[PDB]
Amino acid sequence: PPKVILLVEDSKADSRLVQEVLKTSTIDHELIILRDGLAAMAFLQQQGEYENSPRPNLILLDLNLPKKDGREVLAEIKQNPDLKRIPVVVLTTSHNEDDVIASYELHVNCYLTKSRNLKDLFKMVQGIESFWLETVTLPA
């Protein structure tokens, strides 16, 4: 039963980077990428055509998204009894203290600020993979 990872990111460059890191991952997984907050909620809530969507074991979320603020996605995921158990890793450009605090207040599992260079973002995502997919004991 490979781990299902949901990435909510609209930046092609950033999503392709995540795919590349996970590409050589030794842990069998399935990466699903959505580009906006409305698609993300529909998928997670398994609404309509998404009724057969797989439950993610881990969610990578950028607070800055098209169609629906990732901050709303975070809040709605963490207040939903059927989804709040799923670990959410915020990976965003935003770094102001107010955003960080509010995000942890909404119960985000961890907040990561995307590195200024892709070379470093690559290593950051490698860190996400190693910790959440190989070190952590995820909920069933």
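In this text, residue numbers run from 1 along the sequence as written.
Looking at 45-53 and 58-66 together, the entry lists the larger mean B-factor for 45-53, computed on C-alpha atoms. Per-stretch averaging of Cα B factors for 96-104 and 67-75 places 96-104 on top.
Of the candidates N117, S15, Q126, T24, the deposited coordinates give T24 the top C-alpha B factor. Among all modelled residues in this chain, the alpha-carbon of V8 has a temperature factor (C-alpha) in the lowest third.
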